[PDB]
Structures are given as C-alpha cells and as structure tokens.
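Engineer: Below are the structure tokens for one structure; questions will follow.
Bear in mind these aren't lab numbers, they're just calculated from the coordinates by the rules spelled out. Using ideal geometry, Cβ is built from the backbone for each residue, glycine included, and neighbour counts are taken over all protein chains shown.
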Amino acid sequence: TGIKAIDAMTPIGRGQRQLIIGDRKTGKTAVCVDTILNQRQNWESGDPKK
Amino acid sequence: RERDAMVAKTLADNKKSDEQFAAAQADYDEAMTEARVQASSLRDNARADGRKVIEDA
Amino acid sequence: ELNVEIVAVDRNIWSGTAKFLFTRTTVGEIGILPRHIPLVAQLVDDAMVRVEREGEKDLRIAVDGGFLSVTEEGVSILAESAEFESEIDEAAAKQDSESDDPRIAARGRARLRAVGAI
Amino acid sequence: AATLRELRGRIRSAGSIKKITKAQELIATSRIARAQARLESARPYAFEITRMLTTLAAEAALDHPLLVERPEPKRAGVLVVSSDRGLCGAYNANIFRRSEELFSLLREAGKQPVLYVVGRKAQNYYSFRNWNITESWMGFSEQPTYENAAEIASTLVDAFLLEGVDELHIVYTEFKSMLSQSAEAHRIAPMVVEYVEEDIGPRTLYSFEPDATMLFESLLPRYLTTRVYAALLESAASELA
Amino acid sequence: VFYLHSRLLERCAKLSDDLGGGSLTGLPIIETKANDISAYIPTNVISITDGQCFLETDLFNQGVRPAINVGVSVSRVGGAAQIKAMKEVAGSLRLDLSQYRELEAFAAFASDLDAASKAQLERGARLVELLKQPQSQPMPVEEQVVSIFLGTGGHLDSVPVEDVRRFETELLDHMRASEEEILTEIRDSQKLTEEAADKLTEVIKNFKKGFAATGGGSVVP
Amino acid sequence: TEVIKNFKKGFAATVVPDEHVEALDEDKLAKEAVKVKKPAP
Amino acid sequence: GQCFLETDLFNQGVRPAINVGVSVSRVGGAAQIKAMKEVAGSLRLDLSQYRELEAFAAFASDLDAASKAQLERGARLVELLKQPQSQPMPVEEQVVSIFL
Amino acid sequence: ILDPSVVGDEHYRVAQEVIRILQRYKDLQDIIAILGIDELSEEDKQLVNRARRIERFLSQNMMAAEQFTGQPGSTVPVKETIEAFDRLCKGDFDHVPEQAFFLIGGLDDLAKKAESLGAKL
Amino acid sequence: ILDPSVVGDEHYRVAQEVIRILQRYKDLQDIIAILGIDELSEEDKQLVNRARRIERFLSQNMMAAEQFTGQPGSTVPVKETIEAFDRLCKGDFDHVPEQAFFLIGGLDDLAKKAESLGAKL
Amino acid sequence: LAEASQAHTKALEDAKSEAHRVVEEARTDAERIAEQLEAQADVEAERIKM
Ligand SMILES: Nc1ncnc2c1ncn2[C@@H]1O[C@H](COP(=O)(O)OP(=O)(O)OP(=O)(O)O)[C@@H](O)[C@H]1O
Ligand SMILES: [Mg+2]
C-alpha cells in the first residue's frame, strides 16, 4: 500500500480483503488512493506478475 | 621568592593546560557544528529554488 | 590506629581508619592519636578536620556545626554540613567568607581552611 | 437517545481517571522507597547526638529553660505537620483529629494553643475555622531538608524561650513497619529528665571542653532540631504510603 | 444485506495455479458514526473481511496521520503478506508500540521509572513519529524497510522526537542519491542480509554526523 | 452612582467553632526525655 | 428562543431556575428599553463564561487575580438574579439592579 | 482546501498546531474536572493555559451579533489570523489573562482589551 | 466442573492454589514492568519465580507439533498433573532454570530436561 | 602545557579541515538536488502538455 503503518502492522496480501473503517474525514479515501498510486512502479515494470 | 613563583607557575601551568585541553574538544565541536549548520543552510536553499522552479515551470 | 566516623544530619560523611585526627574545638586546637581519654567538645564555627592515614594523603573536611566525641571506640564527629577538600571551589568559598551573614561567613572560612588558604 | 452518549462520555472519563490513579500509585510506591531511604539515612546522627546528650547530662546542671517545666503554664505552641498535595487519604484528616484532641487536652489544663502549621492542607483546615496561625511553612512536605527543620525548630524555640509559649508540641504522622501510618502528638519542650540507671559501674571519666554545662546548652536546641527533622521525615514517608 | 456484502466480498480471491494464479484484492470502505463499530453494517463487514484498519478522529487531531489505531487494527493473513526484510524489521514493532501505550501515563515521571521503562518510552515516541506519512506520498517497500530499520534498530534514539520525520526524509533522500545499492538489492533479494545491514549502519552513522537537529544539538550517539 | 455610594456608606453586613472533641488521653501524648544515668529518682 | 428551567438549579436555590448557558432570546436587545440594553449588554455571555470558569476552577489550588475577580463578580451576579415567586420588579428597578 | 498546496505551509501548520492543542485540552478536561489542574505536568499546564487562550481567541464579535451584545463587529485578515495564532501557539501571550481574548478582533483589539485589564502584549 | 464433587478434593485444591499464585503474579506484573523486579520484596520475588515456573509448565509438547519438530506429543494423566503442580506449588523446582519447563510432559520429562541444563530434582 | 597547546592547535586545524571536507559534500549534494529538481521540471511540464 505504500503506507508504513499498514505495510508494517496490518499487511495486505494479493487476494485478501482489508476493510478500511472510520468515522468521517479520518483518511480512508486517502489510504485507498495512496494504495492505488503505489502500483505505479509495478505497472512501469511491464511484468504481468507484478 | 623564585622557588615560590616556580611552584605557583607550575600550578597555573597545569590548570591552564587542562583548560586548553578541554577547549580543544570545545572549539572542535564548535567549528564542526558551525560547518554542519552551514551545510544544512545549503540543501534547503537548493530545495527552496527547486520548489520555486518546479512551480513556475 | 583509631576509627573515624564523621556523620552529618542526613548522611555519613566519612568513615575509616586513621593515625591522627587534627581539629579545633571551641577551647583550642586538638589532635587525637589512637588511644586517647574520652572527651566531648564542640568544634569552632569555621572548623576543618584533617585526617591522616598511613599510606594515603591527608583528608581535609570543612565541617559546619560539628561536635567531637572521643571514646574507646574512636572519634565520632557530628556535623550539620561537611565538604571534602576536593569538592570545594575556592571562588565561592572566598566570596562567601566576606559575607555579612555570620554562619555563612563561617562556612566560607571553613571551606577556605579546607582548600588550603588561610 | 443522548443517554448512551453521556454514558460513553462518563466511561471514557472514568478510564482517564483510572489510568491517572494507577500511575500515581506506582509513582507513590517508588517515592515511598526513596523516603524510607532518607529516614534510615538520617537515623545515625540522631542516635549519636542522643548518646552525646546523655553523656553531657550525666555531669551537667539540669536547669536549662528547655529542661524545667514552668509553673503558670499559659500557652503551648503546637506544630501541625500536614502535606502540601492532596491525593492522600485520611492522612491530613487524621492529623487534624489528633491536633483537635491535643487542643482539647490543652484547654483542659488552662493552656492556650498557639498554632504553627507545616503544609497547605493544615493552612486550609485552620483558616476555614478562623484559627490564628502564627507561622506557616510550605513546599517541603514530600522532601524535607534539615534546613527547613532548623528554621522551624529555631522559630519554635525562640517562641518558647520568650509572644511566648510555655510548652511545645508536634502533631505528625509516625511511620512504622510500612504498615502503620499513625498520627501522634509529641511534647518536645520542656523535656523531662529521666534517670535510667548507673548501668556500667565505675568507668573512665569523660573530659569536657570547656565544661559539661556549656556543651549541654549548645546541644539542647540541636537535639530539638534533630527531633523536628526526624518528625518531618517520618511524616513524609507516611504521606507517601 | 449480509448476503449482499458477503456475496460481493467473497469474489475477491487468490486463484490456484491451475486457474491461472490471478488475484483480486478488496479494500472495502465503511464509515461509522461516533466510532460505533457495533452497528449493523460495520459488524457485517468486519465479520466478512480478513482484516481491519480502524481510523480515529482523535488520532487524526493529535497529528497521527494516517490515523490508524495500530492497537486494534489487525490482518489475519499477517506475516504471510510481507517480504522477509519487512517481516524482520517490523517484528519488534507491535510489542514496542503496545509497551509505549501502556507507559504513556508515566511520561512526566521518567526519573521515577526503570531505565528499561524510560528506554521503552523514548523508543515508542520515536516509533509513533516514524509511522507518520504525508498524503499522496506512498513509499516503495525497500524505503519502508530502511525506515523501520532506522526505528527499531535504535538509530533514532539519539534524534529528537520532533526531528524524526525530517531525519528519515533526509536519510532516504541521501540513500536514493548516494547509496542506491542497498535499496536495489533489498528490492531484488526481498531480504536484508548482514552485509546490507552493515553498510546501512555505516551510512546512517555518516548521515548522523552530517545531520543537524532543530535544537542545534548533534544526533551523534 | 452617587446614591449607591452614599447608601454603601450606611450599609451593615451580617471565632473558632467548638468541634466537640474529647480530650486526648495524657498517656498517649509522648514526652521527649533526656535519659540521664545518675541515681536520683 | 427558550428559557430552560432545571431542577438541579432550582434545588440549589437559583430561582428562577433558568440555565443561562443554554437559554437565549433570538430577538435580543431589540426587545429591551435602551437603559436595560445598555446595562445588561453582555450579561448572558458573562454568566456563561462565569459558569464555565466555576466548573473549570472547582479544584484549583490557586488562581490569578483576574480569574478570582471573575468568580466573585459572577457569584454576586448569580445571587442578584434570584427572585421570589409573584414578586415582580418594574423595568427601572431592574435597570438599577443590573447597574448595581 | 485546508491543504499545504492551497493555503500554504504556515497556514496549514498553524491550523494543525491549534487543532492538536485543542485536542489535548479536550483529552485533559476530565482529569481537570475530577483531579484538578494541579495533578498535571508542567507541559500539560502550559498546554491547558494556551488552549484556553486559543479557544477564547477563536471567538469573535460578529457584525450580525451586535443586536445581541451591543458591541460592533470586527473583520480580521487571514494573515493577521495566522500570525496571531502562531504567536498563541508558541506562547507569546501566556501572561495575558484568559479574558481579553474573548469576543475581540485581531492583535490590536487584543492589546487594547489586555491593557483595559492591566496587561501588556 | 472444576468442583470438589466432580474432580475430587486434591484436584480442586491444587488447581485453586495454582490459580491463586498466577493471579498474584498477574497483580505484581505491572509493578515489575514499570518499576523493576529489583524493587520487589523477597517473598514477592520468590512467588514471581515460582509463578513463572508454573506458567511455563502449563505449556506442553503437542501432537500437532510432531510435523515440524519430529518428537511425539505428551499425554499426561490427571494424577501426574495434580502431583506435578502440587510439587511446583510447594517449591520443589525453584532451583531449576526456567527453560527446563518449556514444552514438556509430566515429571519424567521435566527431570530429563532439567539434567540436560545441569539441574537435579 | 606544551603538549596541550600543540594538541589544541592540531585539533583546531583538523577541525577546520573537516569543516571544509563536510561543506564540500554539502555543496555537492546541493547541486545534485537542484539537478533532480530541474529534472522533475520537464516531466511535470510534459505531464500537463500531454
Ligand atoms: N496521511 C495524511 N496526512 C495529512 N493529511 C491527510 C492524510 N490523509 C488524509 N488527510 C486529509 O484529511 C482530509 C480528509 O481525508 P479523506 O477525505 O481522505 O477522508 P475520508 O475517509 O474520505 O472522509 P470522507 O469520505 O468523509 O470525506 C483530506 O482533506 C486530506 O487532506
Ligand atoms: Mg472519502
């Protein structure tokens, strides 16, 4: 995900479901958008496995 | 008189020697922290005008 | 040899063995050797206790508010305050000796006796 | 609605309070250890000055003002030793109960209590009751030094020798066995001459410079101060427990 | 409605190698009201998913951003979803943070604490400052490994708490510019061997003697 | 304001309590003593 | 606007039992004569801040001069607004009391 | 738009520090209610004083509220707001009472109401 | 069914003694964590040692672990467990190192594991 | 005292030399950072042109 808190404490694997749950204006969309943005290097690698 | 002046000069020499000894590390750290604060002056002005040119471009 | 026990109001200043304890009571200077008649005395305001051991060098302790007690056990010195020789800064010990407050001037004079001056 | 909100609010409030009180209890434990250390550190000087005072009184003129009781006792100066902080239990309340018992004992004998306090809690308790506090000392209840005790004892002995008191008492919490914090009233002046026994038979004669009476009268206020300091240390350890 | 959400979230799967080996990772989002995770739909989706990241408003206002409650957040996959370097540098992180949370009440009583307890307090403060991150700034895994190494190895015990973010930023900048071999072979080998750790310690020491704290002091141990 | 101050000129607003505590037992008031060794009871 | 009466304030002796912090009039000073509008200018905000300070300083060991002055003035103002039942005051006497 | 890219670094940093101080004050309010301001740290007491002054300086005499208090309203520019709250957060007004921050405008009104109380900015 | 009429008198007494010791250790754990084991009393430290020993002897080598380690799992009878924990509550093993209690079976495994670290009964 | 004085002047001159050696790397990494920023400039421009 690119977030140190998640990747270190609550790691998400390929095929897993990690609920993001919070009140409002707590940063849920930010977490998910950062996760999406973190795949930019994977896409640049061109490898369908990555 | 000469011998008493000699023992006094020896005491003062020991004291001043130990004081200059401490001042050695003192001014060494002073100079290197002046140097590293000068260094940290750079790498931010570079970041400053880098941000300025990135935004103006 | 004699057993010295210098105790303060809240701590044991020093304790050990000596061959000669020099101090100054309110009636004059005194020096205690291993065997010595039982005695109770009061040290002077600006008292300095000099302790002499066999191999070491003379301890020199400024004592403030002391009472000397020689017994069969040895020497026992009660103090309100005490300061060893190698713990006094002669600047404050000198500009306190010039003070107008009696007991603080006495303390300064004791520290000055202990550092070597006066 | 809005009842569950206030209930959750009270729950988080009580949780904060619980955390704070648990931390305060562990801190108080550590500081009890420290205060017991200070007490057992001040013990030796007390023992030695007591022994020297006994040796001096053996051959002295026992007519010192601090040693003879006065006909026409009109006033007793009481020193109440309380705390500055308030998260203790019935510590201050027990001190105040003992002090009221002492005041009602002193009014039975015609004496007028003159009140000196140590601590802010006693200040509050006695100003609320429109008392007359001659002197107050604050800020050294949890770590008292010998200089505070010296000041207190000098003021008390000056009041005793003189606008003048005929007795001197101390109401403080005695600390014993780490399990007994007991408020006690002691009489520090005038002292009572108690004869134990010859104990040792013929023994060596003690030399006194200049003589026994001078040293005795020089040691008596020092002994008062040592006892005031021991009382302060015991009360500090008791307050922490 | 439980069926409505479980039917949807059970289609996120990791397929077997016979089916191609593809995968679909789901990140469902649930908004709670007044931090009530015992509401109906929150309960359902907490029951369905494999792990939860709980985000608090209080943690957000305290400066902890992302505002993740690491105490209650959980991943049931766990270390099976980490590379070995991250699995190794972050194994001593959860217990450290729990100890810091237990000891937070003794912040103003460091002198009244065991030396180990004050060490745990300072380490936990550094680790809480280390898990902060700006918005829209994700880090590659090698840099997260280097950052959590800085944290849990002890190389932040000499940096002021209020300088940990800047120290980590500038150190990662330095390593991106100067020592690209460490990051490159962490990324390639997925582990942090002993020689990589040694070179990393060397670089950290040189940077520390180069780094300038905000209080004028030195971060050199 | 003048009227109020002239009125405060003549306005009249409206010791230790007993606590009804019983005397301490004299046996429990400790007395600091000087343990002399001379025989003279 | 609303005048919120409370049984806790009633039992405390505050009568009328108006909770000054949550009571309000949306018309405001337009519903007063100029004398009352000028003497009771920020009286409601003053009493609200006084209740806040009294709640905050419930266990304060020492307080600076400004906080203690606020507490004294607020206590006097609270005692000044108490009134018996069926005992009205003309508006000029109310102006005089608020001026006090 | 409370974002460093929109409002600037100083605006954002001052807002975040104000919010953090107010959050810490909210966390400490329960202890202060039950145990008192005395059982707090020196840092916590400093923060509580700063937070009371901050929460009073956030209030303002509004133009549409003159009908309720009789006091006219005030307009404060955003740069003055940011600089004033940066000073409050650093602690440059820890000697001014809690009042004189209440229903005022900028720093000039702060000075005037502080001196009307016997204080100096 | 931890009741004297179901399991017996000695089973119940041993279980209750174990539970008492573990609860006291739980109470002391926070004093140990914040202050340190050096601050505790003498009976306190003794109980801490005995309770760590009982904690570790409650562990076992499970039959689900034969796949990794390769050594079979223990099936300790009730009588042997009661007797072993009675002895552990008395203190017959306070000289044995802690590690001698991790993942073993009855008392024979305890002895053979202890003498592997240099400790007898 | 002779040794202490010569050690003081030696340490002083080494301190100044080390100050120079450090500001060297300072300005070097400064020009490198400026270069990285100018490099980001063209790509951030093209990302908007496209
Ligand atoms: N890691 C972060 N650091 C700093 N600011 C952040 C961070 N994450 C989010 N924010 C800020 O918090 C604000 C709200 O976050 P976000 O909109 O992502 O929350 P949300 O869960 O989508 O809430 P909602 O759906 O109610 O808007 C945003 O303006 C964003 O700038
Ligand atoms: Mg959103």
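Engineer: At 222 nm, what helix-only mean residue ellipticity would chain B give, in deg cm²/dmol to the nearest 500, using -39500 (n - 2.57) for each DSSP H run of four or more?
Structural biologist: -32500 deg cm²/dmol
Engineer: Sticking with this one: Can you tell me which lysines have their Cα less than 23 Å from the Cα of residue D:19? Leave out same-chain residues fewer than eight positions away.
Structural biologist: E:118, H:26, H:45, I:26
Engineer: Here is a further query. Could you tell me which of E:171, E:213, E:106 has its Cα farthest along the dipole of region E:83-221 towards the positive end, charges placed at Cβ (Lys, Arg +1; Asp, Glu -1), taken about the Cα centre?
Structural biologist: Value: E:106.
Engineer: Take peptides E:164-170, J:31-37 and line them up by average Cβ neighbours within 10 Å, highest first, as a rough protection proxy.
Structural biologist: In decreasing order of mean packing, E:164-170, J:31-37 become E:164-170, J:31-37.
Engineer: Could you bin all the Cα-Cα distances of chain G into 5 Å bins starting at 0 and give me the percent of pairs in each, rounded to whole numbers?
Structural biologist: In order of increasing distance, the bins hold 2, 11, 18, 24, 22, 13, 6, 3, 0 percent.
Engineer: Springs between alpha-carbon atoms under 10 Å, Gaussian network over chain C: tell me which of C:46, C:64, C:89 tops the mean-square fluctuations.
Structural biologist: Result for chain C, Cα springs under 10 Å: C:89 fluctuates most.
Engineer: Right, something else. Using alpha carbons only, how many angstrom separate the centre of region H:42-121 from the centre of region G:78-100?
Structural biologist: Taking the Cα centre of each part, region H:42-121 and region G:78-100 sit 33 Å apart.
Engineer: Only loop residues by DSSP count here, and only those with at most 13 other Cβ atoms within 10 Å; note down the GluC sites (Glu not before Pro) in region D:58-116 that meet that.
Structural biologist: D:69, D:108
Engineer: Determine which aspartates and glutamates satisfy two conditions relative to residue H:90: a Cα distance under 18 Å, and not lying fewer than 8 residues away in the same chain.
Structural biologist: Partners found: E:162, E:163, H:9, H:10, H:17, H:42, H:43, H:44, H:55, H:80, H:98.
Engineer: Write down the radius of gyration of chain E and its Dmax, each obtained from C-alpha positions, in Å.
Structural biologist: 20.2, 62
Engineer: Sticking with this one: Kirkwood hydrodynamic radius of chain I from all distinct Cα pairs, in Å?
Structural biologist: 15.6 Å
Engineer: Placing unit charges on C-beta atoms (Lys and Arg positive, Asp and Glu negative, everything else neutral), compute the dipole magnitude of region C:2-115 about its Cα centre in debye, rounded to 20.
Structural biologist: Dipole magnitude for region C:2-115 comes out near 340 debye.
Engineer: Report, in listed order, any pair from A:25/E:132; E:14/E:191; A:4/E:191 with a Cα-Cα distance greater than 19 Å.
Structural biologist: Checking Cα-Cα distances, E:14/E:191 exceed 19 Å.
Engineer: When only DSSP loop residues count, what GluC sites (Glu not before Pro) in region C:1-61 have their Cβ near at most 14 other Cβ atoms within 10 Å?
Structural biologist: Passing sites in region C:1-61 are C:1, C:54, C:56.
Engineer: Let me ask something additional. Using Cα pairs under 8 angstrom and six or more residues apart, how large is the relative contact order of chain H, in percent?
Structural biologist: Averaging sequence separation for qualifying contacts and normalising by length gives 24 percent for chain H.
Engineer: Another one. Residues of region G:1-40 with backbone nitrogen within less than 13 Å of a virtual label 7 Å along the Cα-to-Cβ line of residue G:85, please, listed as ranges.
Structural biologist: Counting backbone N atoms under 13 Å from the label point, the list is G:15-17.
Engineer: Something else about it: Under unit Cβ charges (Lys, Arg +1; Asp, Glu -1), what dipole magnitude, rounded to 20 debye, does the protein assembly as shown have relative to its Cα centre?
Structural biologist: 3340 debye
Engineer: Loop sites only, by DSSP: take the GluC sites (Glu not before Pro) in chain I that have at most 16 other C-beta atoms within 10 Å and name the longest stretch containing none of them.
Structural biologist: Formally, the longest exposed-site-free interval is I:1-65.
Engineer: Moving on. Could you estimate the translational diffusion coefficient of chain D from the Stokes-Einstein equation, with Rh from the Kirkwood formula over C-alpha pairs, at 25 °C and 0.890 mPa s, in whole µm²/s?
Structural biologist: 122 µm²/s
Engineer: Okay, next question. When the Debye formula is applied to the Cα atoms of region C:2-115, each taken as the same point scatterer, what base-10 log of I(q)/I(0) results at q = 0.18, 0.19, 0.23 Å⁻¹?
Structural biologist: Values, matching the q order: -0.84, -0.93, -1.31.
Engineer: Then there's this: For q values of 0.15, 0.20 Å⁻¹, compute log₁₀ I(q)/I(0) with the Debye formula on a Cα-only model of chain F, without solvent.
Structural biologist: Debye output, listed in q order: -0.72, -0.85.
Engineer: So what is log10(I(q)/I(0)) for region B:1-55 at q = 0.16 1/Å, when the Debye sum runs over its Cα atoms only?
Structural biologist: -0.67
Engineer: Right, something else. Treat each spin label as a single point 7 Å out from the Cα along the C-beta direction, and report the residue G:62 to residue E:24 distance in nm.
Structural biologist: A separation of 7.0 nm, rounded to one decimal place.
Engineer: For chain I, what is the calculated [θ] at 222 nm in deg cm²/dmol (nearest 500), taking -39500 (n - 2.57) for each run of four or more DSSP H residues and dividing by its residue count?
Structural biologist: Calculated from helices alone, the mean residue ellipticity at 222 nm is -17000 deg cm²/dmol.
Engineer: Which whole number of Å³ per residue matches the convex hull of the alpha-carbon atoms in region D:100-193?
Structural biologist: Taking the convex hull of the Cα positions in region D:100-193, it is 141 Å³ per residue.
Engineer: Who wins for biggest fluctuation among H:59, H:74, H:41 in a Gaussian network model of chain H, springs between alpha carbons below 10 Å?
Structural biologist: Of H:59, H:74, H:41, the Gaussian network model singles out H:41 as fluctuating most.
Engineer: Let me ask another. Three principal axis extents, largest first, for the C-alpha atoms of region I:2-54, in Å?
Structural biologist: Ordered largest first, region I:2-54 gives principal extents of 43, 16, 14 Å.
Engineer: Along Cα→Cβ, 7 Å out, is where each label goes; now give me the distance between the ones at residue B:25 and residue H:3 in nm to one decimal.
Structural biologist: 5.1 nm
Engineer: So which residue, out of E:41, E:68, E:182, gets the largest mean-square fluctuation from a GNM of chain E using Cα contacts under 10 Å as springs?
Structural biologist: Looking only at E:41, E:68, E:182, the biggest GNM fluctuation is shown by E:41.
Engineer: Sticking with this structure for a sec: I'd like to know which of H:82, H:71, H:46 lies farthest towards the positive end of the charge dipole of chain H, counting +1 on Cβ of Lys and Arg and -1 on Cβ of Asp and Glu.
Structural biologist: Among H:82, H:71, H:46, the one farthest towards the positive end of the dipole of chain H is H:71.
Engineer: What ranking of D:195, D:91, E:100 emerges when the number of other C-beta atoms within 10 Å of each C-beta is taken as an exposure proxy, fewest first?
Structural biologist: D:195, E:100, D:91
Engineer: Quick query: amide H of residue C:60 versus all other amide H atoms, modeled in the peptide plane; which residues come in under 5 Å with a sequence gap of 5 or more or a different chain?
Structural biologist: C:51, C:85
Engineer: Now, a different point. Can you give me the Rg/Rh ratio for the protein assembly as shown, using Cα atoms for both radii and the Kirkwood formula for Rh?
Structural biologist: Reported Rg/Rh, Kirkwood definition of Rh: 1.01.
Engineer: Quick one: 3J(HN,Hα) in Hz for region J:34-40, Karplus 6.51/-1.76/1.60 with θ = phi - 60°, rounded, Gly and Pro as x.
Structural biologist: Karplus-based 3J(HN,Hα) across region J:34-40 equals 4, 4, 4, 5, 4, 5, 4 Hz.
Engineer: Would you pull out the residues with amide H under 5 Å of residue C:48's amide H, same chain only if 5 or more places away, H placed 1.01 Å from N?
Structural biologist: Here C:24, C:63 satisfy the definition.
Engineer: Using the Karplus curve 6.51 cos²θ - 1.76 cosθ + 1.60 with θ = phi - 60°, what ³J(HN,Hα) values do you get for each residue of region E:153-168, in whole Hz, with x for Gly and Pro?
Structural biologist: x, x, 6, 10, 5, 9, 8, x, 3, 6, 10, 5, 4, 5, 5, 5
Engineer: Also, quick follow-up: Please enumerate, by chain and number, the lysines with C-alpha under 22 Å from the C-alpha of residue C:94, excluding those fewer than 8 residues away in the same chain.
Structural biologist: Partners found: B:9, B:15, B:16.
Engineer: Can you give the FRET efficiency for residue B:3 and residue C:27, using 1/(1 + (r/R0)^6), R0 = 51 Å, r = Cβ-Cβ distance, to the nearest 0.05?
Structural biologist: My answer for the efficiency is 0.85.
Engineer: On to the next question. What dipole magnitude, in Debye to the nearest 20, does region H:1-118 give about its Cα centre under +1 on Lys/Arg Cβ and -1 on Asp/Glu Cβ?
Structural biologist: 220 debye
Engineer: Another question, if that's okay. If you average the alpha carbon positions of chain B and of region E:1-51, how far apart do those two centres end up, in angstrom?
Structural biologist: 61 Å
Engineer: Next up: Hey, what did region C:2-115 get for relative contact order, percent, Cα under 8 Å, at least 6 apart?
Structural biologist: It rounds to 25 percent for region C:2-115.
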